[PDB]
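*Asks:* Take this structure first; my questions come after.
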Amino acid sequence: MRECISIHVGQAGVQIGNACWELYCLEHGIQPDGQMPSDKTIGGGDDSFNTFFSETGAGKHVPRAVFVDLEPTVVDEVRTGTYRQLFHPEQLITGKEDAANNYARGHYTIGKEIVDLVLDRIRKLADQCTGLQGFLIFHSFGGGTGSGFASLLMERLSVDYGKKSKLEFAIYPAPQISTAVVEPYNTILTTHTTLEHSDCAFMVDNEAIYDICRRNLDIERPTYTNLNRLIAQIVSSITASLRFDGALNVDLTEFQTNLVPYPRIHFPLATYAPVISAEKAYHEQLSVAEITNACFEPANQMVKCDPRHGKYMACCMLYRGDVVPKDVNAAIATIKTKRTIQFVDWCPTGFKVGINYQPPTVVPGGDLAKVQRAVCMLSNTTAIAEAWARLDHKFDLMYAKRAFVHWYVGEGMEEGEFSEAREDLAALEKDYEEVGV
Amino acid sequence: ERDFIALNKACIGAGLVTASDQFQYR
Amino acid sequence: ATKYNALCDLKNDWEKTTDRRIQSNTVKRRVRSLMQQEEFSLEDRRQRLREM
Amino acid sequence: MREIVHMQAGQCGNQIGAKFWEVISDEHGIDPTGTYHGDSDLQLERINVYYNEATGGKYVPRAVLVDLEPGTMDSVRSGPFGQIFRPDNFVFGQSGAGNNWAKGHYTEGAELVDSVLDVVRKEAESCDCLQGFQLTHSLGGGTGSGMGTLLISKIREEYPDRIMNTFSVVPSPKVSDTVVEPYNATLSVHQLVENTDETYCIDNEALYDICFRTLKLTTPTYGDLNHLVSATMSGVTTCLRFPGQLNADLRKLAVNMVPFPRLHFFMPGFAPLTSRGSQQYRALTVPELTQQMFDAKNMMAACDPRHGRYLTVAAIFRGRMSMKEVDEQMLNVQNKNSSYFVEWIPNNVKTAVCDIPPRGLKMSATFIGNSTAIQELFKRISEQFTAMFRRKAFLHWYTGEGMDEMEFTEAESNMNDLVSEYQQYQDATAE
Amino acid sequence: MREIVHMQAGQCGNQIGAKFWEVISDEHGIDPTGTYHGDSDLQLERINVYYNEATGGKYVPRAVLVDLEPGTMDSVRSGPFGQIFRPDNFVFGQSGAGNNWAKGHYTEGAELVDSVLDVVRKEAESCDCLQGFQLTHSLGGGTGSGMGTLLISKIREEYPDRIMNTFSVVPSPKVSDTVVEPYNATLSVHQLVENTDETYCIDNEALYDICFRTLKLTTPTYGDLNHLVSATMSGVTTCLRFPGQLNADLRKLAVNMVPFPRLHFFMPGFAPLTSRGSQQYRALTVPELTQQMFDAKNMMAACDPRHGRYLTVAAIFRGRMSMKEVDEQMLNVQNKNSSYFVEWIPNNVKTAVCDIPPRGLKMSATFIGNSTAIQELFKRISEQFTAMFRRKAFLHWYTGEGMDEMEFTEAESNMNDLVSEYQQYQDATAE
Amino acid sequence: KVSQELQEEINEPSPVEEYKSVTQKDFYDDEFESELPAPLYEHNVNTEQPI
Amino acid sequence: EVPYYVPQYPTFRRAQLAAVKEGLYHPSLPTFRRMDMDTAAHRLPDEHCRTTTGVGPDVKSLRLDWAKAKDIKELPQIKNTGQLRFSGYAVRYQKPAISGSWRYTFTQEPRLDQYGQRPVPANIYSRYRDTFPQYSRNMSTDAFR
Ligand SMILES: Nc1nc2c(ncn2[C@@H]2O[C@H](COP(=O)(O)OP(=O)(O)OP(=O)(O)O)[C@@H](O)[C@H]2O)c(=O)[nH]1
Ligand SMILES: Nc1nc2c(ncn2[C@@H]2O[C@H](COP(=O)(O)OP(=O)(O)O)[C@@H](O)[C@H]2O)c(=O)[nH]1
Ligand SMILES: Nc1nc2c(ncn2[C@@H]2O[C@H](COP(=O)(O)OP(=O)(O)O)[C@@H](O)[C@H]2O)c(=O)[nH]1
Ligand SMILES: [Mg+2]
């Protein structure tokens with residue numbers, strides 16, 4: 001009954017969804033064909049998959065996701081690969097031209113024809129529900145379909161569905177590690193549009209997950225598959241409360257009401273942190289206190305920002321596996337008595353914990369070990385102001401002499417939208433200092 | 001020049017059809 | 001009119017001659033392949049003679 | 001299902017287009033007859049971008065060949081991989097321009113424009129997505145420069161938004177080979193700078209320098225230069241044809257490359273390049289490819305990028321590699337050679353990683369550079385043009401076709417303006 | 001079952017009819033000696049449309065060959081497929097027409113016209129349902145023009161209900177080949193008008209144009225011209241002999257094709273036509289069939305269809321197709337240029353899909369076009385006629401053969417009235 | 001030898017299409033008729049008294 | 001459900017350490033030298049030993065008739081080879097028939113031929129009865145049928 005709809009828009013969204021749905025199939029025991037290979041089946045209690053899958057009445061499960069990309073290659077890779085019969089053919093929405101790293105092409109001209117079709121598909125999926133828990137939007141701020149068309153789709157969803165959970169997982173650019181030039185323009189434009197049309201904006205950084213894979217898993221030269229698997233593990237740990245039964249289940253509404261203090265501070269940090277490899281994983285105790293102290297470390301945040309420069313406001317602790325509450329309470333007490341972890345003065349009750357029975361599953365095509373205890377740490381804090389400032393620095397030093405603006409200007413968008421977006425994100429920064437002090 | 005529009009319009013009302021009949025009722 | 005006639009005659013003659021040369025080139029490729037097979041057989045005989 | 005229409009103009013355009021259609025047909029596993037003999041399905045997945053389906057397993061290239069004389073058309077059809085082209089796309093006339101840009105653009109070229117535009121319109125309406133047009137020709141010729149730029153103007157008039165890139169074999173400082181080459185090059189680039197989205201500017205003497213210093217081959221001949229140019233063209237267009245980790249097509253390259261619409265003259269570079277004796281011993285790794293890619297004498301333009309400053313860079317990697325090492329090496333090369341990159345653009349290097357290596361290689365990289373060092377080429381053509389024009393040499397041939405000296409003076413003004421835009425950007429400060 | 005009686009008149013009519021029987025004999029599996037060496041029951045199912053059953057397995061063509069000279073009929077009898085015909089319906093005269101309409105219509109073609117009526121009456125009464133008459137001739141001489149029009153008038157008086165199609169090769173000013181040709185055309189078009197139910201005007205210069213620019217062929221030859229005309233004739237009448245999804249006889253073609261009774265001059269067509277080199281470079285599909293069939297080249301009259309407005313279009317497809325794609329292509333070619341279409345007739349396209357494609361083809365199509373551009377043909381004929389008639393040139397033959405300059409003037413007035421009728425039907429507004 | 005081989009490989013005849021209508025291919029298939037053979041030998045037809 | 005590319009991918013001839021290792025004991029311990037070899041050789045984490053383990057839980061010569069090989073004293077021409085003709089709804093090479101019968105063969109009198117009978121001209125059918133007058137005395141205006 002507690003059902004979520006996933007919208008993976010852009011090439012980054014499609015690839016992250018391809019990792020996330022194979023993680024979901026491994027978790028719920030669904031084979032890539034679409035059925036359960038359990039054979040004996042047995043009834044018992046087996047409604048845990050209903051968050052992300054639906055019965056067809058014949059044993060097959062179709063996922064509640066829509067894959068969107070304006071170019072026909074990353075979606076056709078899904079349609080050609082082994083997860084072909086799993087997805088319904090109408091949810092794999094493709095375009096003709098890509099948005100060409102251009103917010104104007106993604107938002108105004110090419111994004112205007114396919115938005116009706118993807119809204120129609122979202123309408124069919126919402127009609128095939130018995131109470132929608134929320135939306136899980138997966139995109140990249142880098143540019144194109146993930147920046148312009150994502151903003152268009154979320155503003156159309158805000159017009160249509162109104163009050164609904166709208167959790168998004170954003171591929172934010174790194175301060176140095178990035179693969180585009182008009183990318184700060186795209187980020188500045190999309191953060192102005194998706195600020196009033198979202199309620200949680202979980203941020204992950206490519207360089208930060210590179211450093212995580214280099215340090216903990218000791219993957220010196222990783223690909224996007226490992227990063228997508230880590231992001232999928234984060235999202236699985238988030239939705240484990242909705243899917244599997246546990247002691248303290250933290251749903252989306254409880255999550256938001258315990259996380260966001262103000263409607264414009266909806267930008268938390270995710271850190272799933274038993275993340276050590278199978279080689280150096282089975283020689284350690286891996287206790288609850290150990291994994292909480294691993295979460296509360298500066299060189300474990302999966303967005304490139306130092307939390308010691310800011311103040312923690314809210315923290316949500318999603319535990320996974322054989323986790324008793326007394327170890328949770330002791331670990332939270334030790335974290336609170338720690339002095340380098342500063343909480344803001346107006347939030348005494350800074351922690352909301354929740355324990356799920358089901359342990360994390362190991363992906364045989366991955367590198368994370370088969371651990372028994374897990375904790376994923378989602379902290380709303382004021383350490384992202386430096387990332388905002390770095391983005392503003394890049395945007396200002398390009399917009400000073402109007403480089404690359406003509407592609408946006410002559411193709412829809414006016415000149416002053418960049419100024420409006422810069423003003424909006426400066427107001428967001430000022431909001432962050434007002435909350436920080 | 002004669003108006004073949006009205007010519008054929010009157011011709012089909014007179015019941016002539018064929019082209020020889022057309023030219024003779026012209 | 002006579003320029004139109006001359007242009008059409010030139011295009012048709014070029015098409016016919018080029019098709020003829022395509023056919024001749026295909027024949028030359030096939031006979032060159034047969035030459036290559038005979039040369040390979042000769043090389044195998046040379047290797048056997050070397051060992052002997 | 002994107003589409004790019006290939007057009008070849010002139011002897012150079014026809015030769016390197018034939019080599020191009022050899023190489024990409026080998027990439028997609030198409031035999032010279034036209035059938036499909038590949039062993040995978042990724043070849044056949046995106047075969048509609050350059051090949052129209054024919055009867056049976058035949059696959060017709062989407063190329064239009066144009067030259068006023070039949071002397072190179074008969075040869076390019078009778079040669080290898082020449083029986084695959086459609087015979088209706090071989091438009092030709094009686095006379096020839098022959099380094100006579102005025103005849104190629106106004107008198108003899110203009111008669112064939114209607115027929116070749118009919119052929120290109122036929123191909124474009126046969127297309128269903130039509131990403132853009134690529135034109136291969138040589139600046140410094142009659143049919144390649146003049147009629148090529150006339151075709152560029154006509155296709156820009158017909159389709160003012162579909163992408164356009166010209167590959168533009170450009171004059172070199174010492175090879176020369178033609179006494180009216182400055183006239184032809186100036187008059188062609190005057191049209192190109194205002195009517196082209198991406199100009200690539202490949203250089204013959206630079207290609208000799210690469211093919212001899214890196215590859216040995218004391219007889220570097222002609223088809224080898226065609227092969228290098230074709231390798232760069234395939235490495236440019238590979239993301240439209242094959243799946244990858246982070247795809248980027250021609251419009252993504254144009255958006256990330258061109259800051260201002262007149263600054264679109266690039267420097268191509270292909271760099272898994274190694275000698276004959278060094279193939280079995282060299283390791284094709286990402287840092288080594290980056291070093292050879294940013295190697296100065298690995299550039300296929302005769303201008304040294306050290307005498308300038310890079311505005312934007314694109315690297316199209318092909319093969320299975322690690323994104324972290326790729327963008328870490330781009331970060332490393334930017335922070336090392338920060339004096340050769342503009343300070344007012346952060347992240348000058350766009351990246352595009354495709355998962356299919358070129359045939360015969362394990363891991364490859366293609367370079368695009370919008371440096372301000374091509375102003376040396378533009379100033380060289382300008383000074384040769386003003387050396388010839390001040391004595392009115394060879395001008396009666398051009399003015400007997402209906403052309404006046406006003407066009408030459410306009411070409412001077414436009415080239416000098418472009419030189420000024422490239423000149424002020426390599427020394428403009430941020431604050 | 002219904003029947004068509006064939007009548008070949010003149011040299012051109014006899015050659016075209018001989019080639020027509022040659023092509024529909026091996027369309028039906030009929031050997032030169034007359035038996036049925038077919039390979040399907042569908043060929044023999046509807047053979048009585050054109051072939052009378054006789055002794056044994058001999059299927060004899062139902063055609064009458066007429067000529068006022070022992071020439072081309074001797075040629076037909078000596079050539080291949082010339083022994084299928086009876087020796088009775090080879091009526092001919094030892095005299096000469098002299099390229100004279102007066103001699104063909106009044107003088108020595110009138111003493112044999114009663115014998116031709118006897119033969120055609122015998123065949124028509126031996127028919128079972130007698131759908132109508134198919135007559136092939138030319139408006140450029142004697143026997144073709146005068147004798148043919150006399151035959152059409154007498155058959156119209158005998159049977160004023162059955163379908164009457166006359167194909168007729170219309171004179172050209174570039175081909176010429178006859179001097180009294182404008183007189184013979186002007187004095188016979190009017191006689192065609194009130195008698196023929198539908199006329200599929202063929203032009204030699206348009207046949208030469210389609211051979212030149214569509215079939216290449218260098219030297220086209222009258223044999224190939226007759227093969228092409230016969231192919232279009234068989235495509236017109238294929239629905240009477242083969243079953244299909246969507247049938248249309250000659251009466252259905254007339255009813256859906258001619259709007260007003262003096263507007264029955266058509267523009268035939270056919271569009272599998274590739275050169276020998278370019279035959280393997282085209283994937284034979286309904287869209288290129290439609291666009292080649294609607295191409296301005298493929299029309300077999302010298303009038304350009306963009307110079308007028310299509311009153312009606314009929315398209316008869318042969319083979320296995322999909323009706324959605326067929327109707328969608330017809331709608332698309334109507335919608336891209338509805339400017340070349342009359343606004344007062346919505347959806348003026350008549351599709352007729354039949355199975356059994358012609359021998360050796362995957363899929364074929366043929367065209368019939370009633371357009372107001374056909375007034376130009378009569379305007380050129382008129383402007384030649386008045387130029388010759390203003391000085392009374394070559395008129396002594398017609399006058400001393402028993403005719404009138406007032407009859408010549410009234411024929412000219414009739415043709416100009418027809419031209420004005422087409423002009424005002426073209427220029428009539430929607431409302 | 002290969003000249004004559006290529007002569008044949010160019011001048012092969014075109015393939016004649018299959019001669020059945022679209023209705024006869026889609027809606028029609030071979031099917032032989034049984035007739036429920038007689039168990040009481042009602043086979044006299046000339047001198048048999050009808051039931 | 002097995003696909004076609006899995007016996008050709010060299011990346012599949014290994015097993016990830018997370019998939020194969022479920023205990024303290026490493027099934028095949030990779031030494032520091034092999035680990036450093038792969039680190040210096042820049043291997044992806046599908047062939048690297050640190051994360052992946054390989055363990056699991058003539059002809060013949062030509063003999064072609066030298067007699068007529070010598071007897072060939074010409075070359076097979078490709079140029080003439082029949083001319084282009086439009087027959088059978090397509091342009092094809094047609095070999096000319098050489099032989100010609102370009103001479104007329106009709107005779108005034110009706111004669112018996114080997115293909116039946118000669119057709120005989122139409123003015124012959126008036127010699128003895130005159131069945132066909134140009135001005136007949138028929139009182140119907142429509143002939144007998
Ligand atoms: N973490 C992670 N980031 C990715 C992945 N794929 C792409 N990205 C990010 O996406 C950015 C590039 O822009 P894209 O997301 O590919 O743009 P798009 O969504 O494809 O839309 P278009 O530009 O119109 O093609 C890069 O800077 C990457 O950081 C991925 O698989 N994992
Ligand atoms: N790299 C390269 N250069 C060529 C090739 N063919 C011709 N060129 C150069 O092109 C210039 C002449 O241009 P040309 O082909 O004659 O132009 P056209 O008259 O329009 O055909 C010469 O300076 C040659 O060096 C080729 O295949 N490769
Ligand atoms: N298509 C075609 N046209 C022909 C043929 N023979 C003659 N013609 C045309 O007919 C015209 C002459 O008409 P003609 O046959 O002499 O009329 P007739 O004397 O009454 O038979 C010329 O302009 C030719 O173009 C033929 O075999 N095929
Ligand atoms: Mg994309």
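Residues in the structure tokens are numbered from 1 in each chain, the chains being A, B, ... in the order shown, and ligands are numbered from 1 in the order shown.
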Neighbours of ligand 1 at 6 Å or closer, counting only C-alpha atoms and all ligand atoms: which residues, as a VMD selection string?

*Replies:* (chain A and resid 10 to 12 15 to 16 98 to 101 140 142 to 146 171 178 to 179 206 224 227 to 228) or (chain D and resid 246)

*Asks:* Please save N, CA, C and O atoms of the selected residues as a CSV table (one decimal), in the first residue's frame.

*Replies:*
```csv
chain,number,residue,atom,x,y,z
A,10,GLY,N,17.5,11.8,-17.4
A,10,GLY,CA,18.9,12.0,-17.8
A,10,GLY,C,19.6,10.7,-17.9
A,10,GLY,O,19.2,9.7,-17.4
A,11,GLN,N,20.8,10.8,-18.5
A,11,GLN,CA,21.7,9.6,-18.6
A,11,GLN,C,22.2,9.2,-17.3
A,11,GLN,O,22.2,7.9,-17.0
A,12,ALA,N,22.6,10.1,-16.4
A,12,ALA,CA,23.0,9.8,-15.0
A,12,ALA,C,21.8,9.1,-14.3
A,12,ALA,O,22.0,8.2,-13.5
A,15,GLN,N,21.3,5.5,-15.6
A,15,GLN,CA,22.4,4.6,-15.1
A,15,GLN,C,22.2,4.3,-13.6
A,15,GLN,O,22.4,3.2,-13.1
A,16,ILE,N,21.9,5.4,-12.8
A,16,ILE,CA,21.7,5.2,-11.4
A,16,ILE,C,20.5,4.3,-11.1
A,16,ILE,O,20.5,3.4,-10.3
A,98,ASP,N,19.0,15.1,-28.1
A,98,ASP,CA,19.4,15.4,-26.7
A,98,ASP,C,19.3,16.9,-26.4
A,98,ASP,O,19.3,17.7,-27.4
A,99,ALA,N,19.4,17.2,-25.2
A,99,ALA,CA,19.3,18.6,-24.8
A,99,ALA,C,20.6,19.3,-24.8
A,99,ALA,O,20.7,20.5,-24.6
A,100,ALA,N,21.7,18.6,-25.2
A,100,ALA,CA,23.0,19.2,-25.6
A,100,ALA,C,23.6,20.1,-24.5
A,100,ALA,O,24.2,21.1,-24.7
A,101,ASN,N,23.6,19.6,-23.2
A,101,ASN,CA,24.1,20.3,-22.0
A,101,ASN,C,23.5,21.7,-21.9
A,101,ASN,O,24.2,22.6,-21.3
A,140,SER,N,21.0,14.6,-12.6
A,140,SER,CA,22.3,15.3,-12.5
A,140,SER,C,22.1,16.8,-12.8
A,140,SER,O,21.4,17.1,-13.7
A,142,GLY,N,24.4,18.4,-13.9
A,142,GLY,CA,25.4,18.7,-14.9
A,142,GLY,C,24.9,19.5,-16.1
A,142,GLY,O,25.6,20.3,-16.7
A,143,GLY,N,23.7,19.1,-16.6
A,143,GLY,CA,23.1,19.9,-17.6
A,143,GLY,C,22.3,19.0,-18.6
A,143,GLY,O,22.5,17.8,-18.6
A,144,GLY,N,21.4,19.6,-19.3
A,144,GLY,CA,20.6,18.9,-20.3
A,144,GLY,C,19.3,18.4,-19.8
A,144,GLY,O,18.5,19.2,-19.3
A,145,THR,N,19.0,17.2,-20.1
A,145,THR,CA,17.7,16.6,-19.7
A,145,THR,C,17.7,16.5,-18.1
A,145,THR,O,16.6,16.6,-17.6
A,146,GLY,N,18.8,16.2,-17.5
A,146,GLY,CA,18.8,16.1,-16.0
A,146,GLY,C,18.7,17.5,-15.3
A,146,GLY,O,18.5,17.5,-14.1
A,171,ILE,N,23.1,14.7,-8.6
A,171,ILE,CA,24.5,14.6,-9.0
A,171,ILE,C,25.0,16.1,-9.1
A,171,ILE,O,25.0,16.7,-10.1
A,178,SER,N,35.0,17.6,-12.8
A,178,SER,CA,33.8,17.8,-13.5
A,178,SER,C,34.1,17.6,-15.0
A,178,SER,O,35.3,17.8,-15.4
A,179,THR,N,33.1,17.3,-15.8
A,179,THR,CA,33.3,17.0,-17.2
A,179,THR,C,32.4,17.8,-18.1
A,179,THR,O,31.9,17.4,-19.1
A,206,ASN,N,30.6,13.5,-7.2
A,206,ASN,CA,31.3,12.5,-7.9
A,206,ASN,C,32.7,12.4,-7.3
A,206,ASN,O,33.2,11.3,-7.1
A,224,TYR,N,31.8,4.5,-13.1
A,224,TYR,CA,30.5,5.0,-12.6
A,224,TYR,C,29.6,3.9,-12.0
A,224,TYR,O,28.7,4.2,-11.3
A,227,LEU,N,30.0,3.9,-8.2
A,227,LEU,CA,29.3,5.1,-7.6
A,227,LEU,C,27.8,4.9,-7.6
A,227,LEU,O,27.1,5.3,-6.7
A,228,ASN,N,27.3,4.4,-8.8
A,228,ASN,CA,25.9,4.1,-8.8
A,228,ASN,C,25.4,3.1,-7.8
A,228,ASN,O,24.3,3.2,-7.3
D,246,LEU,N,29.6,8.3,-20.7
D,246,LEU,CA,29.1,9.7,-20.8
D,246,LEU,C,29.2,10.1,-22.2
D,246,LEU,O,30.3,10.5,-22.7
```

*Asks:* Just want the residues within 9 Å of ligand 3, written as an MDAnalysis selection string, counting only C-alpha atoms and all ligand atoms.

*Replies:* chainID E and resid 9:16 19 67:69 72 96:101 104 137:148 169:172 175:178 181 202:205 207 221:229

*Asks:* Since we have the selection now, will you write its residues out, keeping C-alpha atoms, as a PDB file, in the first residue's frame?

*Replies:*
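Now in out-v9.pdb:
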```pdb
ATOM      1  CA  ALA E   9      -4.657   1.521 -85.105  1.00  0.00           C
ATOM      2  CA  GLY E  10      -1.727   2.720 -87.174  1.00  0.00           C
ATOM      3  CA  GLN E  11       1.981   2.040 -87.050  1.00  0.00           C
ATOM      4  CA  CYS E  12       2.484   3.342 -83.510  1.00  0.00           C
ATOM      5  CA  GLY E  13      -0.727   1.712 -82.305  1.00  0.00           C
ATOM      6  CA  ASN E  14       0.217  -1.633 -83.848  1.00  0.00           C
ATOM      7  CA  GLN E  15       3.719  -1.579 -82.337  1.00  0.00           C
ATOM      8  CA  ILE E  16       2.398  -0.590 -78.893  1.00  0.00           C
ATOM      9  CA  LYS E  19       4.357  -5.049 -77.148  1.00  0.00           C
ATOM     10  CA  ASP E  67      -3.714  -0.243 -90.971  1.00  0.00           C
ATOM     11  CA  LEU E  68      -3.973   1.244 -94.452  1.00  0.00           C
ATOM     12  CA  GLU E  69      -0.593  -0.255 -95.509  1.00  0.00           C
ATOM     13  CA  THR E  72       3.896  -2.732 -89.438  1.00  0.00           C
ATOM     14  CA  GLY E  96      -1.922   4.588 -98.297  1.00  0.00           C
ATOM     15  CA  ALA E  97      -3.197   6.975 -95.643  1.00  0.00           C
ATOM     16  CA  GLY E  98      -0.562   9.538 -96.602  1.00  0.00           C
ATOM     17  CA  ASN E  99      -0.470  10.980 -93.052  1.00  0.00           C
ATOM     18  CA  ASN E 100      -3.779  12.568 -94.079  1.00  0.00           C
ATOM     19  CA  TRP E 101      -6.710  12.832 -91.680  1.00  0.00           C
ATOM     20  CA  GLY E 104      -7.956   8.257 -92.972  1.00  0.00           C
ATOM     21  CA  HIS E 137      -3.207   4.936 -81.800  1.00  0.00           C
ATOM     22  CA  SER E 138      -1.403   8.240 -82.356  1.00  0.00           C
ATOM     23  CA  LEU E 139      -2.570  11.781 -83.134  1.00  0.00           C
ATOM     24  CA  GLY E 140       0.235  12.343 -85.610  1.00  0.00           C
ATOM     25  CA  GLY E 141      -0.686  10.739 -88.900  1.00  0.00           C
ATOM     26  CA  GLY E 142      -3.338   9.022 -90.997  1.00  0.00           C
ATOM     27  CA  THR E 143      -4.457   5.552 -89.808  1.00  0.00           C
ATOM     28  CA  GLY E 144      -3.718   6.533 -86.212  1.00  0.00           C
ATOM     29  CA  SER E 145      -5.762   9.750 -86.227  1.00  0.00           C
ATOM     30  CA  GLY E 146      -8.484   9.601 -88.878  1.00  0.00           C
ATOM     31  CA  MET E 147      -9.117   5.850 -89.044  1.00  0.00           C
ATOM     32  CA  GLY E 148      -8.847   5.569 -85.263  1.00  0.00           C
ATOM     33  CA  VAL E 169       0.558   9.003 -78.457  1.00  0.00           C
ATOM     34  CA  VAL E 170       0.192  12.801 -78.595  1.00  0.00           C
ATOM     35  CA  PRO E 171       2.569  14.755 -80.886  1.00  0.00           C
ATOM     36  CA  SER E 172       5.584  16.594 -79.462  1.00  0.00           C
ATOM     37  CA  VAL E 175      10.354  15.077 -81.303  1.00  0.00           C
ATOM     38  CA  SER E 176       8.212  16.247 -84.273  1.00  0.00           C
ATOM     39  CA  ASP E 177       8.898  13.543 -86.939  1.00  0.00           C
ATOM     40  CA  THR E 178       5.844  14.666 -88.992  1.00  0.00           C
ATOM     41  CA  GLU E 181       1.262  16.568 -87.399  1.00  0.00           C
ATOM     42  CA  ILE E 202       1.197   9.556 -73.966  1.00  0.00           C
ATOM     43  CA  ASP E 203       4.064  11.752 -75.178  1.00  0.00           C
ATOM     44  CA  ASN E 204       7.262  10.685 -76.931  1.00  0.00           C
ATOM     45  CA  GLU E 205       9.409  13.498 -75.530  1.00  0.00           C
ATOM     46  CA  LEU E 207       9.043   8.985 -72.611  1.00  0.00           C
ATOM     47  CA  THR E 221      14.718   2.858 -78.465  1.00  0.00           C
ATOM     48  CA  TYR E 222      11.035   2.541 -79.447  1.00  0.00           C
ATOM     49  CA  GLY E 223      11.052  -1.054 -78.199  1.00  0.00           C
ATOM     50  CA  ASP E 224      11.737   0.042 -74.632  1.00  0.00           C
ATOM     51  CA  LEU E 225       9.294   2.934 -75.055  1.00  0.00           C
ATOM     52  CA  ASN E 226       6.585   0.436 -76.031  1.00  0.00           C
ATOM     53  CA  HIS E 227       7.573  -1.838 -73.129  1.00  0.00           C
ATOM     54  CA  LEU E 228       7.108   1.074 -70.717  1.00  0.00           C
ATOM     55  CA  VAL E 229       3.768   2.143 -72.240  1.00  0.00           C
TER      56      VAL E 229
END
```

*Asks:* As a list in words, list the residues of chain G assigned to alpha helix (DSSP H) by DSSP on the backbone atoms of this structure.

*Replies:*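 Going through chain G, the alpha helix (DSSP H) residues come out as residues 17, 18, 19, 20, 32, 33, 34, 35, 36, 37, 38, 39, 40, 41, 66, 67, 68, 69, 70 and 71 of chain G.
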
*Asks:* What residues in chain C have any atom no more than 9 Å from chain E when counting only C-alpha atoms, and can you write them as a short mmCIF file (atom, residue, chain, number, x, y, z; two decimals) with N, CA and C atoms, in the first residue's frame?

*Replies:*
```cif
data_model
loop_
_atom_site.label_atom_id
_atom_site.label_comp_id
_atom_site.auth_asym_id
_atom_site.auth_seq_id
_atom_site.Cartn_x
_atom_site.Cartn_y
_atom_site.Cartn_z
N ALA C 1 17.64 23.17 -75.68
CA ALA C 1 17.28 21.78 -75.94
C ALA C 1 18.51 20.92 -76.25
N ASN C 5 20.12 17.68 -74.15
CA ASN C 5 20.45 16.39 -74.76
C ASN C 5 21.90 15.99 -74.48
N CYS C 8 22.40 14.94 -70.76
CA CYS C 8 21.89 13.60 -70.48
C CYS C 8 22.79 12.52 -71.07
N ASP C 9 23.28 12.74 -72.30
CA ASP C 9 24.17 11.76 -72.92
C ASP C 9 25.46 11.59 -72.12
N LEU C 10 26.01 12.70 -71.62
CA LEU C 10 27.23 12.63 -70.82
C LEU C 10 27.01 11.85 -69.52
N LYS C 11 25.90 12.12 -68.82
CA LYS C 11 25.65 11.41 -67.57
C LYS C 11 25.43 9.91 -67.79
N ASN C 12 24.67 9.54 -68.83
CA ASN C 12 24.44 8.12 -69.08
C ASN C 12 25.72 7.40 -69.49
N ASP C 13 26.56 8.05 -70.31
CA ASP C 13 27.82 7.44 -70.71
C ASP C 13 28.75 7.24 -69.52
N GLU C 15 27.83 6.84 -66.36
CA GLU C 15 27.27 5.77 -65.54
C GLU C 15 27.60 4.39 -66.12
N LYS C 16 27.44 4.23 -67.44
CA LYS C 16 27.71 2.95 -68.08
C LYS C 16 29.19 2.57 -67.98
N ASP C 19 30.10 1.62 -64.35
CA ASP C 19 29.60 0.28 -64.01
C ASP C 19 30.47 -0.81 -64.63
#
```

*Asks:* Which one is closest to ligand 4: A:394, A:401, A:192, A:139? Count only C-alpha atoms and all ligand atoms.

*Replies:*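 Selected residue with least distance to ligand 4: A:139.
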